[PDB]
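Q: Structure below; questions to follow.
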Amino acid sequence: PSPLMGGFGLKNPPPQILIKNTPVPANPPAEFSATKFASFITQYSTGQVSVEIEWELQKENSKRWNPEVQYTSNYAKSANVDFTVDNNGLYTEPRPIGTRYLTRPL
Amino acid sequence: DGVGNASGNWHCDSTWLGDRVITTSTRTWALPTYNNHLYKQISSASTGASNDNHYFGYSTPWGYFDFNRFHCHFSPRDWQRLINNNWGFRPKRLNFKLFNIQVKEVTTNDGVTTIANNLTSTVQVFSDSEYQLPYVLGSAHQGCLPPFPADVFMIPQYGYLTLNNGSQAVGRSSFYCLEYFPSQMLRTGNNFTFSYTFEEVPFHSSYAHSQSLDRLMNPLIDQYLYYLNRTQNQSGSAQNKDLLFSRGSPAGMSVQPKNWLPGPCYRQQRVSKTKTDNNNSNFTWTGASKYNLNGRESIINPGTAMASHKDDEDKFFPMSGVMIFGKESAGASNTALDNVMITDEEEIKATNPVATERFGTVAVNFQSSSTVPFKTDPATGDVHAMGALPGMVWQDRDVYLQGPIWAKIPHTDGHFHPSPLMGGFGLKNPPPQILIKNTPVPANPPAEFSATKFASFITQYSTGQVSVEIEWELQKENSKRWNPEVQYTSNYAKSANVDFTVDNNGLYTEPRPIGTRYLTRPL
Amino acid sequence: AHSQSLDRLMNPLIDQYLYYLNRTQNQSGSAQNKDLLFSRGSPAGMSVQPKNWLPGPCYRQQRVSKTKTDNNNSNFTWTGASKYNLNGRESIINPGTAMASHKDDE
């Protein structure tokens, strides 16, 4: 049961955190009406969210002699730096980065 | 506890223990200002009603909290879980909480409306724990917590009726100022709590009977009791009288001596759900069972707990003997049979008379032979209203997910079997009324003093959250029945919508009324 | 005494959620066709609202006027009276069930 998109398949994954604004009704009528409220005060909310994950690592223990393939930035004069913002303030990721760079015997 | 600190959380849940179920419901309410903070005297004098519809009473500026329907507490799934598995149930205790109060000021200028927060305004809340006020709960009124937890509801206005002589009052007509009570004043950081314990009420019966009352005998063994079978000769060649006695046998079960009687009856008029078979007249008032009280008539509606119809007669219902719930998109007046849901009391045919038929026949004369050469044939008459006789047994009306839970038993000298006729639990001390109103905030007073009472107020309403938690005691089935029971089930079929859900417009609907009597037990 | 009547125990401002059969004929009146029209329990018609309780038991008595001219010209204190049969001999109820002596203005 490993997900086909990649990642960790969990029987009990991190649960969903669900959030909503509590409805605030607008001015009710002077006389009672059993029809459910449809007029609400229009509002939104803003805030800060923090997520902290501890990850366990499994270190390489290789006896390989020659140097390994590593993920590296390209050294060259470029109009922009990779994984940065442009002059308009837009953060971009130039390429997808995988994980499989170190090697081990089969 | 402050402006920026919430005074409560959303508690909407249902916990099933072994013999208890605890249902919690939170809803969002809006309370307006009623009557411009005035107490008003209301009557029928301007209405010009009939003598039967005359009334006198008072309208208060207060609203009240109502959670006297079963769907305020049970989801349809929880109701199905209860009724498919329990032989009975009753309420044990409740907690009421009022929290997250927000008072809003409203100003309309040039047609545009501004709403602001009024951080220093209060709502007055009190519980009428000593039952010193007229109890208007238990009359099946609108304004309860909505069945769907996402719905926001308006709080209904409080008003009562007092003794009236037509549209006029009498000396013993009472007036109640609700400001003459101790109230808790709540600003936006305050909350209100209240606990209540139910009295020991009998379990409501979530079962039908597997036996009928006239079928309680062994069908294989005869009786040792005899009955008069013939008063004429059986041969028939002559037509002579006789006194022939037979033994109670399984061949004739209708004539066997028995130990008990069916419950009391008060006959209703029979109306067909197919309109072509009904008489071409109105007769909803002229042909209806009604009672006389102080000179004005009142429809029984629904009165004695009786079977709606016989076997193979589902097309008929008593004219005012059934609880009728309206579907959404049902008008207030003269709506259609398609827009209403008529309940059925088919499960209590085992012990209760059918609502549209007589209790039975009774002898009305003395039979005699010619001599006094005036022979008197025996004569019977139909018994249409039968009061309680010793040996009578009956079942009460069923409760429904959309129906009332309890009713206050009137404080009278006598009452017979004080179970409410709409169904539910009759309580001498029911859950008290929680009454709430916005404290009036006067507008700008004049520079010079005036003793005339204030009439200019700052227009405002309030909103908040209300939580009700009820613990219910369950009475589990202990059946030894072999074959499977009848259960309430969802229909498995491709349908445009799912039952007891919202539609594409967001409107929660309940397709049908659900009773309780699905499991069975022997009579 | 009671400050409320048994048929007047409702809130006079709020409607009911219970319906009753109001008409079995068409309301328009241009035709005289049958129908099944249901109305909601409302403060306008309080006599037809579903209710929870019933008035006490009754055993009707004969009505005598304190003004003797309005009474029938006969004795009828024994022939027209509510009485019960016990072992073949009749006994006047007197006073029997606890009921109101008269109506309003009577």
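Numbering starts fresh at 1 for the residues of each chain in the structure tokens, the chains themselves are lettered A, B, ... in the order given, and ligands are numbered from 1 as they appear.
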Within 8 Å of region 93-100 of chain C, counting only C-alpha atoms, which residues qualify if same-chain residues fewer than 2 places away don't, as a list in words?
A: residues 57, 58, 59, 82, 83, 84, 91, 102 and 103 of chain C
Q: How would the residues just chosen look if you wrote them out with C-alpha atoms as an mmCIF file, in the first residue's frame?
A:
data_model
loop_
_atom_site.group_PDB
_atom_site.id
_atom_site.type_symbol
_atom_site.label_atom_id
_atom_site.label_comp_id
_atom_site.auth_asym_id
_atom_site.auth_seq_id
_atom_site.Cartn_x
_atom_site.Cartn_y
_atom_site.Cartn_z
ATOM 1 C CA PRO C 57 -65.641 13.994 32.217
ATOM 2 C CA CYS C 58 -69.248 15.102 32.111
ATOM 3 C CA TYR C 59 -72.721 13.792 32.950
ATOM 4 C CA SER C 82 -80.166 12.765 35.720
ATOM 5 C CA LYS C 83 -80.362 9.686 37.918
ATOM 6 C CA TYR C 84 -78.656 6.331 38.258
ATOM 7 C CA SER C 91 -81.324 7.739 42.708
ATOM 8 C CA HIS C 102 -73.230 27.805 33.676
ATOM 9 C CA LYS C 103 -71.422 29.561 30.846
#
Q: Apply DSSP to the backbone of this structure and, from region 274-393 of chain B, keep only the residues in strand (DSSP E or B); write these as a ChimeraX atom specification.
A: /B:290-293,296-299,307,316-318,324-326,335-336,340-342,354,360-363,368,376,380-383,385-386,392-393
Q: Store the residues of this selection in a file with N, CA, C and O atoms, as a short mmCIF file (atom, residue, chain, number, x, y, z; two decimals), in the first residue's frame.
A:
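The resulting again.cif:
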data_model
loop_
_atom_site.label_atom_id
_atom_site.label_comp_id
_atom_site.auth_asym_id
_atom_site.auth_seq_id
_atom_site.Cartn_x
_atom_site.Cartn_y
_atom_site.Cartn_z
N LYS B 290 -65.64 17.38 18.21
CA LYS B 290 -65.17 18.55 18.93
C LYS B 290 -65.75 18.53 20.33
O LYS B 290 -66.72 17.83 20.61
N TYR B 291 -65.13 19.30 21.22
CA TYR B 291 -65.58 19.37 22.60
C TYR B 291 -66.03 20.79 22.94
O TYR B 291 -65.57 21.77 22.35
N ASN B 292 -66.93 20.86 23.90
CA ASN B 292 -67.53 22.11 24.35
C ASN B 292 -66.88 22.53 25.66
O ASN B 292 -66.82 21.74 26.60
N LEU B 293 -66.38 23.77 25.71
CA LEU B 293 -65.75 24.29 26.92
C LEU B 293 -66.10 25.76 27.06
O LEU B 293 -65.66 26.58 26.26
N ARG B 296 -67.69 27.52 23.91
CA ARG B 296 -67.03 27.54 22.62
C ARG B 296 -66.41 26.18 22.33
O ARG B 296 -65.84 25.53 23.20
N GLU B 297 -66.54 25.76 21.07
CA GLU B 297 -66.17 24.43 20.63
C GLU B 297 -64.73 24.40 20.16
O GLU B 297 -64.21 25.38 19.62
N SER B 298 -64.08 23.26 20.37
CA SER B 298 -62.69 23.07 19.98
C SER B 298 -62.56 21.69 19.36
O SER B 298 -63.04 20.71 19.94
N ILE B 299 -61.92 21.62 18.20
CA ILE B 299 -61.67 20.33 17.56
C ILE B 299 -60.78 19.50 18.47
O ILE B 299 -59.87 20.03 19.12
N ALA B 307 -56.12 3.54 16.21
CA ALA B 307 -55.59 3.16 14.91
C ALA B 307 -56.18 4.05 13.82
O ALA B 307 -57.37 4.35 13.81
N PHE B 316 -57.70 5.66 3.96
CA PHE B 316 -58.54 6.41 4.87
C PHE B 316 -57.74 6.86 6.09
O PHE B 316 -56.87 6.14 6.57
N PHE B 317 -58.05 8.06 6.57
CA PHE B 317 -57.50 8.56 7.82
C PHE B 317 -58.60 9.29 8.58
O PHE B 317 -59.53 9.82 7.96
N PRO B 318 -58.53 9.31 9.90
CA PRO B 318 -59.48 10.12 10.67
C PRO B 318 -59.28 11.60 10.39
O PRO B 318 -58.16 12.06 10.20
N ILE B 324 -50.20 15.66 11.31
CA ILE B 324 -49.88 16.00 9.93
C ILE B 324 -48.73 16.98 9.95
O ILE B 324 -48.84 18.08 10.51
N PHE B 325 -47.61 16.59 9.36
CA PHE B 325 -46.45 17.45 9.22
C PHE B 325 -46.40 17.99 7.81
O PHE B 325 -46.68 17.28 6.85
N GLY B 326 -46.04 19.27 7.68
CA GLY B 326 -45.90 19.88 6.38
C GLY B 326 -44.50 19.69 5.84
O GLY B 326 -43.52 19.78 6.57
N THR B 335 -52.98 24.32 1.87
CA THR B 335 -51.97 23.63 1.08
C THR B 335 -52.50 22.27 0.64
O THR B 335 -53.62 21.87 0.96
N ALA B 336 -51.68 21.54 -0.10
CA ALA B 336 -52.14 20.31 -0.73
C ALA B 336 -51.70 19.06 0.02
O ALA B 336 -50.72 19.05 0.78
N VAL B 340 -48.36 17.98 2.39
CA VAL B 340 -48.36 17.54 3.78
C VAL B 340 -48.00 16.07 3.87
O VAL B 340 -48.15 15.30 2.92
N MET B 341 -47.51 15.67 5.05
CA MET B 341 -47.21 14.27 5.36
C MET B 341 -48.13 13.82 6.49
O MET B 341 -48.01 14.30 7.62
N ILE B 342 -49.02 12.88 6.19
CA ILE B 342 -49.96 12.36 7.17
C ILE B 342 -49.34 11.14 7.85
O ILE B 342 -48.88 10.21 7.18
N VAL B 354 -60.01 1.24 16.11
CA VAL B 354 -59.78 2.07 14.94
C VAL B 354 -60.50 3.39 15.10
O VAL B 354 -61.66 3.45 15.52
N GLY B 360 -67.96 -0.49 19.72
CA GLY B 360 -68.69 -1.74 19.67
C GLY B 360 -70.17 -1.47 19.76
O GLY B 360 -70.63 -0.35 19.56
N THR B 361 -70.91 -2.53 20.05
CA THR B 361 -72.35 -2.45 20.23
C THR B 361 -72.72 -2.75 21.67
O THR B 361 -71.96 -3.37 22.41
N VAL B 362 -73.89 -2.27 22.07
CA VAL B 362 -74.39 -2.44 23.42
C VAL B 362 -75.88 -2.74 23.34
O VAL B 362 -76.57 -2.26 22.45
N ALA B 363 -76.36 -3.57 24.26
CA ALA B 363 -77.79 -3.83 24.34
C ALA B 363 -78.50 -2.58 24.83
O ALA B 363 -78.00 -1.86 25.69
N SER B 368 -87.93 -10.04 24.79
CA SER B 368 -88.98 -10.83 25.40
C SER B 368 -89.80 -11.48 24.30
O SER B 368 -89.74 -11.09 23.14
N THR B 376 -90.90 -8.21 21.96
CA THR B 376 -89.81 -7.24 21.89
C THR B 376 -88.57 -7.93 21.35
O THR B 376 -87.99 -8.79 22.03
N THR B 380 -79.62 -3.51 19.65
CA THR B 380 -78.29 -3.04 19.98
C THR B 380 -78.08 -1.66 19.38
O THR B 380 -78.72 -1.29 18.39
N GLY B 381 -77.19 -0.90 20.00
CA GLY B 381 -76.80 0.39 19.49
C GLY B 381 -75.29 0.50 19.45
O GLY B 381 -74.58 -0.09 20.26
N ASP B 382 -74.81 1.27 18.48
CA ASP B 382 -73.38 1.48 18.32
C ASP B 382 -72.85 2.42 19.40
O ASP B 382 -73.49 3.41 19.75
N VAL B 383 -71.68 2.08 19.92
CA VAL B 383 -71.01 2.87 20.95
C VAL B 383 -69.90 3.64 20.27
O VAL B 383 -68.89 3.07 19.85
N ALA B 385 -68.43 6.80 21.49
CA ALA B 385 -67.48 7.32 22.46
C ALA B 385 -67.55 6.45 23.70
O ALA B 385 -68.62 6.32 24.31
N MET B 386 -66.43 5.85 24.08
CA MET B 386 -66.36 4.96 25.22
C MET B 386 -65.28 5.46 26.16
O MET B 386 -64.12 5.59 25.76
N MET B 392 -59.57 -2.37 30.60
CA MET B 392 -59.12 -1.78 29.35
C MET B 392 -57.60 -1.67 29.30
O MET B 392 -56.96 -1.36 30.30
N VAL B 393 -57.03 -1.94 28.13
CA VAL B 393 -55.61 -1.77 27.89
C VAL B 393 -55.44 -1.05 26.56
O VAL B 393 -56.22 -1.25 25.62
#
Q: Once you count only C-alpha atoms, what closest atom pair and distance in Å to one decimal does each residue of chain C within 9 Å of chain B have, with rows by chain and rising residue number, as a tab-separated table?
A:
residue	atom	partner	partner_atom	distance
C:1	CA	B:172	CA	7.9
C:2	CA	B:172	CA	8.0
C:3	CA	B:173	CA	5.5
C:4	CA	B:162	CA	4.7
C:5	CA	B:163	CA	6.1
C:6	CA	B:293	CA	8.4
C:7	CA	B:298	CA	7.1
C:8	CA	B:161	CA	6.2
C:9	CA	B:136	CA	6.3
C:10	CA	B:136	CA	5.3
C:11	CA	B:160	CA	5.3
C:12	CA	B:159	CA	6.1
C:13	CA	B:159	CA	6.3
C:14	CA	B:141	CA	6.2
C:15	CA	B:141	CA	5.7
C:16	CA	B:141	CA	4.0
C:17	CA	B:142	CA	5.6
C:18	CA	B:325	CA	5.3
C:19	CA	B:324	CA	5.0
C:20	CA	B:324	CA	6.5
C:21	CA	B:319	CA	6.8
C:22	CA	B:284	CA	6.1
C:23	CA	B:282	CA	5.7
C:24	CA	B:282	CA	4.7
C:25	CA	B:282	CA	5.3
C:26	CA	B:282	CA	8.6
C:27	CA	B:334	CA	8.4
C:32	CA	B:280	CA	7.6
C:33	CA	B:280	CA	6.9
C:34	CA	B:280	CA	5.5
C:35	CA	B:275	CA	5.7
C:36	CA	B:337	CA	6.1
C:37	CA	B:334	CA	4.4
C:38	CA	B:334	CA	4.7
C:39	CA	B:333	CA	4.1
C:40	CA	B:332	CA	5.1
C:41	CA	B:332	CA	8.3
C:42	CA	B:332	CA	8.4
C:43	CA	B:53	CA	8.6
C:44	CA	B:53	CA	7.2
C:45	CA	B:53	CA	5.7
C:46	CA	B:53	CA	5.4
C:47	CA	B:298	CA	4.4
C:48	CA	B:299	CA	5.1
C:49	CA	B:301	CA	7.2
C:50	CA	B:301	CA	4.7
C:51	CA	B:301	CA	6.4
C:52	CA	B:421	CA	4.6
C:53	CA	B:421	CA	6.2
C:54	CA	B:303	CA	7.5
C:55	CA	B:293	CA	7.4
C:56	CA	B:415	CA	7.8
C:57	CA	B:387	CA	8.8
C:100	CA	B:294	CA	8.2
C:102	CA	B:294	CA	8.0
C:103	CA	B:294	CA	5.2
C:104	CA	B:165	CA	6.7
C:105	CA	B:165	CA	8.6
Q: Specify as a PyMOL selection string all residues of chain A found within 12 Å of chain C, counting only C-alpha atoms.
A: chain A and resi 31-35
Q: Chain A near chain B within 9 Å: what's each residue's closest atom pair and its distance in Å to one decimal, counting only C-alpha atoms, ordered by chain then ascending residue number, as a tab-separated table?
A:
residue	atom	partner	partner_atom	distance
A:22	CA	B:28	CA	8.5
A:23	CA	B:28	CA	7.8
A:24	CA	B:463	CA	7.1
A:25	CA	B:30	CA	6.6
A:26	CA	B:115	CA	7.9
A:27	CA	B:461	CA	6.7
A:28	CA	B:32	CA	5.8
A:29	CA	B:32	CA	7.1
A:30	CA	B:34	CA	6.1
A:31	CA	B:34	CA	7.2
A:32	CA	B:156	CA	5.6
A:33	CA	B:154	CA	7.0
A:34	CA	B:143	CA	5.9
A:35	CA	B:153	CA	8.0
A:36	CA	B:153	CA	5.7
A:37	CA	B:152	CA	5.6
A:38	CA	B:152	CA	8.4
A:41	CA	B:115	CA	8.5
Q: Would you save the residues from that selection as a PDB file, in the first residue's frame, using C-alpha atoms?
A:
ATOM      1  CA  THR A  22     -19.311  31.136  12.084  1.00  0.00           C
ATOM      2  CA  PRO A  23     -22.297  32.735  10.304  1.00  0.00           C
ATOM      3  CA  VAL A  24     -23.386  36.114  11.658  1.00  0.00           C
ATOM      4  CA  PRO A  25     -27.020  36.841  10.722  1.00  0.00           C
ATOM      5  CA  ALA A  26     -28.066  40.252   9.497  1.00  0.00           C
ATOM      6  CA  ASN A  27     -30.966  42.216  10.959  1.00  0.00           C
ATOM      7  CA  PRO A  28     -33.913  39.864  11.627  1.00  0.00           C
ATOM      8  CA  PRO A  29     -37.509  40.921  10.953  1.00  0.00           C
ATOM      9  CA  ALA A  30     -39.621  42.529  13.658  1.00  0.00           C
ATOM     10  CA  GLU A  31     -42.137  39.662  13.494  1.00  0.00           C
ATOM     11  CA  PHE A  32     -41.121  36.039  13.912  1.00  0.00           C
ATOM     12  CA  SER A  33     -40.532  33.906  10.822  1.00  0.00           C
ATOM     13  CA  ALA A  34     -39.733  30.201  10.934  1.00  0.00           C
ATOM     14  CA  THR A  35     -38.066  30.356   7.520  1.00  0.00           C
ATOM     15  CA  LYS A  36     -34.367  29.728   8.010  1.00  0.00           C
ATOM     16  CA  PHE A  37     -32.043  32.702   7.851  1.00  0.00           C
ATOM     17  CA  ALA A  38     -30.675  33.596   4.428  1.00  0.00           C
ATOM     18  CA  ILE A  41     -23.256  39.638   7.483  1.00  0.00           C
TER      19      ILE A  41
END
Q: Pull the helix (DSSP H, G or I) assignments for region 41-181 of chain B out of DSSP run on the backbone, and list those residues as a count of residues only.
A: 17
Q: Please provide as a ChimeraX atom specification all residues within 12 Å of residue 105 (chain A), with the sequence filter that same-chain residues fewer than 6 positions apart are discarded (counting only C-alpha atoms).
A: /A:60-64
Q: Put those residues in a file: N, CA, C and O atoms, as a CSV table (one decimal), in the first residue's frame.
A:
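Output below, filename out.csv:
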chain,number,residue,atom,x,y,z
A,60,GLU,N,23.6,7.7,4.8
A,60,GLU,CA,24.4,6.8,3.9
A,60,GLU,C,25.5,6.2,4.7
A,60,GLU,O,26.1,6.8,5.7
A,61,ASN,N,25.9,5.0,4.4
A,61,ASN,CA,27.0,4.3,5.0
A,61,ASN,C,27.9,3.7,3.9
A,61,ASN,O,28.4,2.6,4.0
A,62,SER,N,28.1,4.4,2.8
A,62,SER,CA,28.6,3.9,1.6
A,62,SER,C,30.2,3.7,1.7
A,62,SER,O,30.9,4.5,2.3
A,63,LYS,N,30.7,2.7,1.0
A,63,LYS,CA,32.1,2.5,0.9
A,63,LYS,C,32.5,2.8,-0.6
A,63,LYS,O,33.6,2.4,-0.9
A,64,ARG,N,31.7,3.4,-1.3
A,64,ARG,CA,32.0,3.8,-2.7
A,64,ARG,C,33.2,4.7,-2.7
A,64,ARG,O,33.4,5.6,-1.9
Q: Can you tell me, as a PyMOL selection string, what residues are no more than 8 Å from region 60-64 of chain C when counting only C-alpha atoms, ignoring any on the same chain fewer than 4 positions away?
A: chain C and resi 71+80-82
Q: Using only C-alpha atoms, which of B:77, B:315, B:209, B:417 sits nearest residue 485 (chain B)?
A: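 Going through B:77, B:315, B:209, B:417 one by one, the smallest distance to residue 485 (chain B) is for B:209.
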Q: For region 84-95 of chain A, please output as a list in words all residues within 12 Å (counting only C-alpha atoms; exclusion window: fewer than 3 positions along the same chain).
A: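 The residues that qualify are residues 71, 73, 74, 79, 80, 81 and 98 of chain A.
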Q: Output N, CA and C atoms of each residue in that selection to a file, as a compact mmCIF listing (two decimals), in the first residue's frame.
A:
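Wrote part.txt, looks like this:
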# COMPACT_ATOMS: atom_id res chain seq x y z
N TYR A 71 22.72 16.63 -6.43
CA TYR A 71 21.94 17.72 -6.98
C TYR A 71 22.67 19.02 -6.72
N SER A 73 23.22 23.37 -7.95
CA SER A 73 22.91 24.55 -8.74
C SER A 73 23.90 24.67 -9.89
N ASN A 74 23.43 25.21 -11.00
CA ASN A 74 24.31 25.47 -12.12
C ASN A 74 25.08 26.75 -11.88
N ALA A 79 20.14 35.27 -15.97
CA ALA A 79 19.34 36.46 -15.70
C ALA A 79 18.69 36.38 -14.32
N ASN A 80 18.37 35.18 -13.87
CA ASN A 80 17.75 34.96 -12.57
C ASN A 80 18.48 33.86 -11.83
N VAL A 81 18.22 33.77 -10.54
CA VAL A 81 18.68 32.66 -9.71
C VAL A 81 17.54 31.66 -9.60
N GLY A 98 13.95 15.35 -7.58
CA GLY A 98 13.71 14.08 -6.92
C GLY A 98 14.62 13.89 -5.73
